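As stored in model.cif (mmCIF, C-alpha atoms):
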```
data_model
#
loop_
_atom_site.label_atom_id
_atom_site.label_comp_id
_atom_site.auth_asym_id
_atom_site.auth_seq_id
_atom_site.Cartn_x
_atom_site.Cartn_y
_atom_site.Cartn_z
CA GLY A 102 31.69 -8.99 6.57
CA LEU A 103 33.64 -6.79 9.01
CA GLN A 104 36.96 -8.64 8.41
CA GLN A 105 36.44 -8.28 4.66
CA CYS A 106 35.64 -4.57 4.85
CA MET A 107 38.76 -3.89 6.94
CA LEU A 108 40.98 -5.99 4.74
CA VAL A 109 39.76 -4.27 1.57
CA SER A 110 40.29 -0.94 3.15
CA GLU A 111 43.81 -1.88 4.31
CA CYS A 112 44.74 -3.24 0.92
CA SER A 113 43.22 -0.22 -0.90
CA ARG A 114 45.51 1.92 0.92
CA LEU A 115 48.49 -0.25 0.12
CA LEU A 116 47.70 0.46 -3.50
CA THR A 117 46.87 4.23 -3.17
CA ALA A 118 50.31 5.52 -2.17
CA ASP A 119 48.50 8.86 -1.65
CA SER A 120 51.12 9.78 -3.97
CA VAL A 121 50.30 12.56 -6.55
CA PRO A 122 48.11 11.20 -9.39
CA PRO A 123 50.99 10.56 -11.50
CA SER A 124 48.65 9.41 -14.32
CA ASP A 125 51.74 7.08 -14.90
CA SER A 126 52.36 5.18 -11.68
CA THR A 127 52.43 1.34 -12.04
CA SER A 128 50.20 -0.21 -9.37
CA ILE A 129 51.24 -3.38 -7.59
CA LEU A 130 50.15 -6.36 -9.59
CA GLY A 131 48.44 -3.77 -11.87
CA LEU A 132 45.59 -3.49 -9.49
CA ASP A 133 43.50 -0.32 -9.07
CA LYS A 134 41.30 0.63 -6.14
CA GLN A 135 38.29 -0.40 -8.10
CA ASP A 136 39.59 -3.98 -8.44
CA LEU A 137 39.54 -4.34 -4.70
CA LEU A 138 36.14 -2.64 -4.20
CA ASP A 139 34.68 -5.43 -6.29
CA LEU A 140 35.67 -7.91 -3.66
CA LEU A 141 33.50 -6.16 -1.04
CA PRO A 142 30.43 -7.97 0.16
CA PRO A 143 27.13 -6.88 -1.30
CA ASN A 144 26.24 -3.22 -0.43
CA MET A 145 23.22 -4.50 1.70
CA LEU A 146 25.58 -6.58 3.84
CA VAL A 147 28.14 -3.73 4.17
CA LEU A 148 25.49 -1.29 5.55
CA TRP A 149 24.22 -4.00 7.88
CA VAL A 150 27.75 -4.66 9.17
CA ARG A 151 28.43 -0.88 9.76
CA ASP A 152 25.06 -0.47 11.69
CA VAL B 399 44.39 -10.61 -42.48
CA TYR B 400 47.25 -8.21 -42.06
CA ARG B 401 45.07 -5.79 -39.91
CA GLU B 402 43.87 -8.60 -37.64
CA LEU B 403 47.37 -9.99 -36.97
CA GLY B 404 48.55 -6.50 -36.42
CA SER B 405 45.96 -6.00 -33.60
CA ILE B 406 46.91 -9.24 -31.87
CA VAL B 407 50.62 -8.30 -31.89
CA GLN B 408 49.78 -4.92 -30.42
CA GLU B 409 47.72 -6.40 -27.58
CA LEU B 410 50.49 -8.89 -26.75
CA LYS B 411 53.07 -6.10 -26.92
CA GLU B 412 51.10 -3.79 -24.58
CA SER B 413 50.62 -6.60 -22.09
CA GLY B 414 54.26 -7.48 -22.29
CA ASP B 415 55.32 -3.88 -21.65
CA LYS B 416 53.00 -3.49 -18.68
CA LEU B 417 54.33 -6.73 -17.13
CA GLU B 418 57.97 -5.49 -17.46
CA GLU B 419 57.01 -2.28 -15.77
CA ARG B 420 55.40 -4.11 -12.84
CA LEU B 421 58.33 -6.51 -12.43
CA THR B 422 60.66 -3.58 -12.31
CA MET B 423 58.62 -2.03 -9.61
CA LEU B 424 58.42 -5.20 -7.47
CA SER B 425 62.20 -5.61 -7.69
CA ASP B 426 62.81 -2.40 -5.87
CA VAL B 427 65.15 -3.06 -2.94
CA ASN B 428 63.08 -0.85 -0.58
CA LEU B 429 60.06 -3.14 -0.98
CA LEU B 430 61.95 -6.37 -0.55
CA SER B 431 61.54 -8.03 2.84
CA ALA B 432 63.29 -7.17 6.15
CA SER B 433 66.70 -6.76 5.06
CA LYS B 434 68.50 -7.10 8.38
CA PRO B 435 68.33 -3.53 9.77
CA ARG B 436 71.28 -1.62 8.58
CA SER B 437 74.14 -1.47 11.12
CA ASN B 438 74.70 2.26 10.28
CA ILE B 439 72.19 4.94 11.12
CA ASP B 440 70.65 6.31 7.97
CA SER B 441 71.22 10.11 7.35
CA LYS B 442 67.43 10.38 7.09
CA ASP B 443 66.96 9.09 10.67
CA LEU B 444 67.10 12.44 12.46
CA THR B 445 65.80 11.07 15.78
CA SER B 446 68.65 8.52 16.19
CA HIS B 447 71.17 11.18 15.34
CA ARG B 448 69.70 13.52 17.83
CA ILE C 463 53.77 -13.18 -32.36
CA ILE C 464 56.11 -15.99 -31.26
CA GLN C 465 58.43 -13.40 -29.74
CA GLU C 466 55.67 -11.51 -27.87
CA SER C 467 53.97 -14.74 -26.74
CA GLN C 468 57.31 -15.90 -25.27
CA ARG C 469 57.54 -12.66 -23.28
CA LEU C 470 54.18 -13.38 -21.64
CA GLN C 471 55.03 -17.04 -21.02
CA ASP C 472 54.57 -17.84 -17.27
CA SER C 473 53.84 -14.15 -16.77
CA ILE C 474 51.51 -14.85 -13.74
CA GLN C 475 54.02 -17.05 -11.98
CA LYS C 476 56.80 -14.50 -12.55
CA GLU C 477 54.77 -11.74 -11.02
CA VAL C 478 53.58 -13.77 -8.03
CA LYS C 479 57.16 -14.77 -7.24
CA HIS C 480 58.24 -11.10 -7.12
CA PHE C 481 55.16 -10.23 -5.06
CA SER C 482 55.80 -12.92 -2.49
CA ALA C 483 59.20 -11.29 -1.76
CA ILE C 484 57.83 -7.80 -1.05
CA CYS C 485 57.07 -6.37 2.37
CA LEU C 486 53.55 -4.98 2.29
CA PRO C 487 53.92 -2.54 5.07
CA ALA C 488 56.78 -0.89 3.06
CA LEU C 489 54.05 0.17 0.73
CA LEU C 490 52.26 2.21 3.31
CA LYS C 491 53.75 5.66 2.71
CA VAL C 492 52.79 8.65 4.74
CA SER C 493 53.75 12.30 4.14
CA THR C 494 54.87 14.18 7.12
CA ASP C 495 56.00 17.44 5.30
CA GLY C 496 53.23 16.99 2.43
CA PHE C 497 56.13 16.37 -0.02
CA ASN C 498 58.27 13.36 1.13
CA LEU C 499 56.45 9.94 1.26
CA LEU C 500 58.03 7.68 3.71
CA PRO C 501 57.03 4.18 4.68
CA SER C 502 55.13 4.26 7.89
CA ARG C 503 57.45 1.56 9.35
CA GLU C 504 60.36 4.00 9.04
CA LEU C 505 58.65 6.61 11.16
CA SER C 506 60.39 7.10 14.47
CA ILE C 507 57.08 6.71 16.39
CA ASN C 508 56.59 3.16 15.02
CA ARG C 509 60.00 1.72 15.94
CA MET C 510 58.37 0.11 18.99
CA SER C 511 54.84 -0.36 17.70
CA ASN C 512 55.36 -3.99 16.46
CA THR C 513 57.65 -6.84 17.58
CA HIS C 514 58.27 -7.45 13.89
CA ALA C 515 59.33 -3.95 13.03
CA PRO C 516 62.99 -3.99 11.67
CA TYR C 517 64.35 -1.73 14.40
CA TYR C 518 62.34 -3.04 17.37
CA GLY C 519 65.19 -5.25 18.74
CA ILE C 520 67.70 -2.35 18.69
CA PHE C 521 65.40 0.15 20.41
CA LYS C 522 64.22 -2.39 22.89
CA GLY C 523 67.87 -2.58 23.88
CA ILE C 524 68.19 1.23 24.12
CA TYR C 525 65.03 1.48 26.31
CA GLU C 526 66.36 -1.08 28.73
CA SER C 527 69.79 0.65 28.83
CA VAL C 528 68.28 4.04 29.82
CA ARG C 529 65.75 2.27 32.19
CA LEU C 530 62.74 3.59 30.23
CA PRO C 531 59.66 1.38 30.49
CA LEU C 532 58.54 -0.29 27.20
CA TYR C 533 54.95 0.96 27.63
CA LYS C 534 56.07 4.58 27.36
CA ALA C 535 55.48 6.55 24.23
CA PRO C 536 58.58 6.80 21.88
CA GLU C 537 58.35 10.59 22.05
CA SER C 538 59.46 10.42 25.68
CA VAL C 539 62.93 8.81 25.06
CA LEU C 540 64.89 12.09 24.35
CA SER C 541 63.20 13.98 27.22
CA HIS C 542 63.97 11.14 29.56
CA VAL C 543 67.66 10.95 28.52
CA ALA C 544 67.89 14.74 28.96
CA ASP C 545 66.59 14.40 32.52
CA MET C 546 69.09 11.64 33.21
CA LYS C 547 71.90 13.98 32.14
CA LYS C 548 70.46 16.62 34.38
CA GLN C 549 70.53 14.14 37.25
CA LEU C 550 74.15 13.21 36.51
CA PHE C 551 75.12 16.88 36.75
CA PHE C 552 73.27 17.22 40.03
CA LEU C 553 74.92 14.10 41.52
CA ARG C 554 78.36 15.39 40.49
CA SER C 555 77.64 18.70 42.15
CA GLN C 556 76.46 16.95 45.31
CA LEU C 557 79.57 14.78 45.44
CA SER C 558 81.82 17.76 44.98
CA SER C 559 80.00 19.64 47.76
CA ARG C 560 80.13 16.74 50.11
CA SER C 561 83.83 16.06 49.37
CA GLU C 562 84.56 19.69 50.12
CA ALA C 563 82.54 19.58 53.31
CA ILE C 564 84.46 16.42 54.53
CA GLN D 104 56.03 -6.82 43.39
CA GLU D 105 58.59 -9.27 41.97
CA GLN D 106 55.73 -11.62 41.01
CA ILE D 107 53.75 -8.80 39.38
CA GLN D 108 56.84 -7.68 37.41
CA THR D 109 57.40 -11.29 36.14
CA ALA D 110 53.76 -11.57 35.13
CA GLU D 111 54.01 -8.17 33.38
CA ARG D 112 57.03 -9.29 31.38
CA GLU D 113 55.03 -12.31 30.30
CA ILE D 114 52.04 -10.25 29.13
CA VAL D 115 54.25 -7.87 27.24
CA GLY D 116 55.95 -10.89 25.63
CA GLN D 117 52.57 -12.32 24.66
CA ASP D 118 51.44 -9.23 22.98
CA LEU D 119 49.78 -11.22 20.27
CA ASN D 120 50.63 -9.39 17.22
CA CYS D 121 48.85 -11.55 14.56
CA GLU D 122 50.72 -9.55 12.04
CA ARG D 123 51.76 -12.69 10.15
CA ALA D 124 48.21 -13.94 9.76
CA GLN D 125 47.09 -10.48 8.78
CA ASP D 126 49.86 -10.19 6.20
CA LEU D 127 48.77 -13.48 4.71
CA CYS D 128 45.20 -12.29 4.53
CA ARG D 129 46.26 -9.11 2.79
CA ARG D 130 48.37 -11.04 0.32
CA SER D 131 45.57 -13.48 -0.29
CA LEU D 132 43.10 -10.74 -1.04
CA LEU D 133 45.49 -8.90 -3.34
CA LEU D 134 46.25 -12.16 -5.20
CA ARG D 135 42.55 -12.93 -5.52
CA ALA D 136 42.02 -9.56 -7.02
CA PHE D 137 45.03 -10.22 -9.28
CA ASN D 138 43.61 -13.57 -10.32
CA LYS D 139 40.36 -11.98 -11.32
CA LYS D 140 42.14 -9.47 -13.53
CA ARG D 141 44.27 -12.16 -15.12
CA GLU D 142 41.13 -14.25 -15.84
CA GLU D 143 39.73 -11.27 -17.73
CA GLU D 144 42.93 -11.05 -19.71
CA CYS D 145 42.75 -14.83 -20.55
CA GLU D 146 39.19 -14.32 -21.79
CA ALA D 147 40.34 -11.59 -24.09
CA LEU D 148 43.13 -13.83 -25.64
CA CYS D 149 40.57 -16.65 -26.03
CA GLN D 150 38.47 -14.33 -28.14
CA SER D 151 41.44 -13.49 -30.34
CA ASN D 152 42.23 -17.25 -30.87
CA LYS D 153 38.61 -17.85 -31.97
CA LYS D 154 39.01 -15.25 -34.62
CA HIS E 151 46.98 -23.09 -6.64
CA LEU E 152 44.26 -21.00 -8.44
CA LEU E 153 46.90 -18.70 -9.94
CA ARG E 154 48.93 -21.78 -11.10
CA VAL E 155 45.81 -23.04 -12.99
CA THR E 156 45.14 -19.71 -14.43
CA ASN E 157 48.79 -19.44 -15.46
CA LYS E 158 48.51 -22.85 -17.35
CA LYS E 159 45.38 -21.60 -19.03
CA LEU E 160 47.03 -18.38 -20.13
CA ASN E 161 50.14 -20.35 -21.48
CA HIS E 162 47.78 -22.65 -23.38
CA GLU E 163 45.92 -19.76 -24.93
CA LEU E 164 49.19 -18.02 -25.92
CA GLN E 165 50.39 -21.33 -27.56
CA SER E 166 47.04 -21.73 -29.29
CA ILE E 167 47.43 -18.30 -30.78
CA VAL E 168 51.02 -19.19 -31.96
CA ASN E 169 49.81 -22.50 -33.47
CA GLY E 170 46.79 -20.83 -34.95
CA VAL E 171 48.87 -18.12 -36.67
CA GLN E 172 51.46 -20.71 -37.95
CA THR E 173 48.64 -22.73 -39.45
CA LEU E 174 47.17 -19.65 -40.95
CA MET E 175 50.58 -18.68 -42.52
CA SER E 176 51.04 -22.20 -44.03
CA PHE E 177 48.25 -21.30 -46.40
CA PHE E 178 50.27 -18.38 -47.84
CA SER E 179 53.67 -20.23 -48.38
CA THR E 180 54.28 -21.07 -52.15
CA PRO E 181 55.59 -24.70 -52.34
CA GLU E 182 58.98 -23.83 -54.13
CA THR E 183 59.68 -27.53 -55.06
CA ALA E 184 57.42 -28.67 -57.99
CA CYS E 185 57.60 -32.09 -56.53
CA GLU E 186 55.24 -31.89 -53.71
CA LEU E 187 51.96 -32.86 -55.54
CA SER E 188 50.02 -32.21 -52.38
CA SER E 189 49.80 -28.51 -51.86
CA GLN E 190 47.07 -27.31 -54.22
CA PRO E 191 47.38 -23.49 -54.66
CA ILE E 192 44.62 -21.57 -52.80
CA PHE E 193 45.49 -18.05 -54.08
CA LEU E 194 45.08 -16.84 -57.73
CA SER E 195 48.39 -14.96 -57.28
CA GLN E 196 49.90 -18.40 -56.45
CA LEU E 197 49.53 -18.14 -60.32
CA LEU E 198 48.31 -21.08 -62.50
CA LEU E 199 48.47 -18.58 -65.43
#
```
Conversion result in structure tokens:
Amino acid sequence: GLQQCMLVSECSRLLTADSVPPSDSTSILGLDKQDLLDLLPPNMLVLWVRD
Amino acid sequence: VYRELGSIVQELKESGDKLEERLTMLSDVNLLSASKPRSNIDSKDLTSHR
Amino acid sequence: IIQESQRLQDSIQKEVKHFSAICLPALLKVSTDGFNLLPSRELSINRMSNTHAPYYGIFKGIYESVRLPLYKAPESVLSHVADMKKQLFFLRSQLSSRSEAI
Amino acid sequence: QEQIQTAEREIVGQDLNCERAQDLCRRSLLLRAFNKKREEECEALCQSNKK
Amino acid sequence: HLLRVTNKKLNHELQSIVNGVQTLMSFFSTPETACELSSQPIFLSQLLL
């Protein structure tokens, strides 16, 4: 759970070049932050891991 | 029949365009692996110049 | 349709091949002045952070040449070199004084 | 002191940076997310073929 | 390996669409040459007036 949370976070950041919304910037592999958040373990497991 | 075929062509075209855009992005030289560090100090490397 | 379908032929494989060639850390861009996004690996403070960083081998060599320990923070390199220059000036002055005294 | 310095050089040399394994994990996750998106796109073309 | 499978699936679906559309268009092509007995007109514009 912890490894997966860190990995998702690391990869989310790879995608979010904090750059300026350009409404037009082509993401790597066409992936958005939301596509990665879906690969997170179930919310009950994430809270358990953080506690 | 004409409207239906027209929709399929549009979907394929949009997908094709988006793919070309992504390929262009991935081919950027700055993203491509560890080119052997440059022998010359880049003008943007202020610390090495200093 | 034939033309557009041909454009999308092996589209997944083509993209994966281009992706496999990219350096992921080059994607991590940080803004130091709020305006210019630079890859974190190009930051001067990270030149010694990882053995795999592009400039690690070069700066390792510079640290050893100026006798600066590898565990020291990268921000100390210029201050240290400045002190070494100061020492050189002092040694020259001492030599000149001693040569005059002799 | 000479022994300690040799041992120190060895520890510094062993500084296990599992960066390669981590890179592979990041790539794997990104590609998994990519695969999921491409599966959705395949399902959409399948629907068009049925029509 | 998963992406290679998915890629084959996507290529198959794209080919299916190409084959499907070609088949569909074969129904609209007027057999110029009288001779071929076989292709019974399916569209009133085909004529038969």
With 9 Å as the limit and counting all atoms listed in the file, what residues in chain B lie close to chain C? Please list them as an NGL selection string.
:B and (403 or 406-407 or 410-411 or 413-414 or 417 or 420-421 or 424-435 or 443-446 or 448)
Per residue of chain D within 12 Å of chain B, what are the shortest atom pair and its distance in Å to one decimal, counting all atoms listed in the file, with rows by chain and residue number, as a Markdown table?
```
| residue | atom | partner | partner_atom | distance |
| --- | --- | --- | --- | --- |
| D:141 | CA | B:413 | CA | 10.9 |
| D:144 | CA | B:413 | CA | 9.2 |
| D:145 | CA | B:413 | CA | 11.5 |
| D:147 | CA | B:409 | CA | 9.7 |
| D:148 | CA | B:406 | CA | 8.6 |
| D:149 | CA | B:406 | CA | 11.4 |
| D:150 | CA | B:406 | CA | 10.5 |
| D:151 | CA | B:406 | CA | 7.1 |
| D:152 | CA | B:406 | CA | 9.3 |
| D:153 | CA | B:406 | CA | 12.0 |
| D:154 | CA | B:402 | CA | 8.8 |
```
Residues from the last selection, C-alpha atoms, saved as a PDB file, in the coordinates of the input:
```
ATOM      1  CA  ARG D 141      44.270 -12.160 -15.120  1.00  0.00           C
ATOM      2  CA  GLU D 144      42.930 -11.050 -19.710  1.00  0.00           C
ATOM      3  CA  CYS D 145      42.750 -14.830 -20.550  1.00  0.00           C
ATOM      4  CA  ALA D 147      40.340 -11.590 -24.090  1.00  0.00           C
ATOM      5  CA  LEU D 148      43.130 -13.830 -25.640  1.00  0.00           C
ATOM      6  CA  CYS D 149      40.570 -16.650 -26.030  1.00  0.00           C
ATOM      7  CA  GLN D 150      38.470 -14.330 -28.140  1.00  0.00           C
ATOM      8  CA  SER D 151      41.440 -13.490 -30.340  1.00  0.00           C
ATOM      9  CA  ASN D 152      42.230 -17.250 -30.870  1.00  0.00           C
ATOM     10  CA  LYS D 153      38.610 -17.850 -31.970  1.00  0.00           C
ATOM     11  CA  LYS D 154      39.010 -15.250 -34.620  1.00  0.00           C
TER      12      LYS D 154
END
```
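Using only C-alpha atoms, the nearest neighbour of chain C within the list D:139, D:124, D:109, D:129 is D:129.
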Take the PyMOL selection byres ((chain A) within 8 of (chain B)), run it mentally on this structure, and tell me the resulting residues as a compact mmCIF listing (two decimals) with C-alpha atoms, in the coordinates of the input.
```txt
# COMPACT_ATOMS: atom_id res chain seq x y z
CA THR A 127 52.43 1.34 -12.04
CA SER A 128 50.20 -0.21 -9.37
CA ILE A 129 51.24 -3.38 -7.59
CA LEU A 130 50.15 -6.36 -9.59
CA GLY A 131 48.44 -3.77 -11.87
```
Applying the PyMOL selection byres ((chain E) within 10 of (chain B)) to the file I just gave you, which residues come out? Please list them as an MDAnalysis selection string.
chainID E and resid 164 167 171 174
With C-alpha atoms kept, could you save the residues just selected as a PDB file, in the frame of the given file?
```
ATOM      1  CA  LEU E 164      49.190 -18.020 -25.920  1.00  0.00           C
ATOM      2  CA  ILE E 167      47.430 -18.300 -30.780  1.00  0.00           C
ATOM      3  CA  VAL E 171      48.870 -18.120 -36.670  1.00  0.00           C
ATOM      4  CA  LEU E 174      47.170 -19.650 -40.950  1.00  0.00           C
TER       5      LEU E 174
END
```
For the interface of chain E with chain C (cut-off 8 Å, counting only C-alpha atoms), please tabulate each contacting residue of chain E alongside its nearest pair of atoms and their separation in Å to one decimal, rows sorted by chain and increasing number, as JSON lines.
```
{"residue": "E:153", "atom": "CA", "partner": "C:474", "partner_atom": "CA", "distance": 7.1}
{"residue": "E:154", "atom": "CA", "partner": "C:475", "partner_atom": "CA", "distance": 7.0}
{"residue": "E:157", "atom": "CA", "partner": "C:474", "partner_atom": "CA", "distance": 5.6}
{"residue": "E:158", "atom": "CA", "partner": "C:472", "partner_atom": "CA", "distance": 7.9}
{"residue": "E:161", "atom": "CA", "partner": "C:471", "partner_atom": "CA", "distance": 5.9}
{"residue": "E:164", "atom": "CA", "partner": "C:467", "partner_atom": "CA", "distance": 5.9}
{"residue": "E:165", "atom": "CA", "partner": "C:467", "partner_atom": "CA", "distance": 7.5}
{"residue": "E:168", "atom": "CA", "partner": "C:464", "partner_atom": "CA", "distance": 6.1}
```
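Taking atom CA of residue 447 of chain B and atom CA of residue 512 of chain C as the two end points, the separation is 21.9 Å.
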For residue 118 of chain D, list every protein, DNA or RNA residue within 12 Å, evaluated using only C-alpha atoms, and leave out those in the same chain fewer than 5 positions away; present the list as a list in words.
residues 511, 512, 513, 514 and 533 of chain C; 111, 112 and 113 of chain D
Hey, can you pull every residue with an atom no more than 12 Å from (43.8, -4.7, 3.3), using only C-alpha atoms, and send it as a CSV table (one decimal) with C-alpha atoms, in the frame of the given file?
```csv
chain,number,residue,atom,x,y,z
A,103,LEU,CA,33.6,-6.8,9.0
A,104,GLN,CA,37.0,-8.6,8.4
A,105,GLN,CA,36.4,-8.3,4.7
A,106,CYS,CA,35.6,-4.6,4.8
A,107,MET,CA,38.8,-3.9,6.9
A,108,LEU,CA,41.0,-6.0,4.7
A,109,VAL,CA,39.8,-4.3,1.6
A,110,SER,CA,40.3,-0.9,3.2
A,111,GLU,CA,43.8,-1.9,4.3
A,112,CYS,CA,44.7,-3.2,0.9
A,113,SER,CA,43.2,-0.2,-0.9
A,114,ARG,CA,45.5,1.9,0.9
A,115,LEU,CA,48.5,-0.2,0.1
A,116,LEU,CA,47.7,0.5,-3.5
A,117,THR,CA,46.9,4.2,-3.2
A,134,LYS,CA,41.3,0.6,-6.1
A,137,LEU,CA,39.5,-4.3,-4.7
A,138,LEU,CA,36.1,-2.6,-4.2
A,140,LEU,CA,35.7,-7.9,-3.7
A,141,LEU,CA,33.5,-6.2,-1.0
C,486,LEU,CA,53.6,-5.0,2.3
C,487,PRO,CA,53.9,-2.5,5.1
C,489,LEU,CA,54.0,0.2,0.7
C,490,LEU,CA,52.3,2.2,3.3
D,125,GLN,CA,47.1,-10.5,8.8
D,126,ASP,CA,49.9,-10.2,6.2
D,127,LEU,CA,48.8,-13.5,4.7
D,128,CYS,CA,45.2,-12.3,4.5
D,129,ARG,CA,46.3,-9.1,2.8
D,130,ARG,CA,48.4,-11.0,0.3
D,131,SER,CA,45.6,-13.5,-0.3
D,132,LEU,CA,43.1,-10.7,-1.0
D,133,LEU,CA,45.5,-8.9,-3.3
D,134,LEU,CA,46.2,-12.2,-5.2
D,136,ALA,CA,42.0,-9.6,-7.0
```
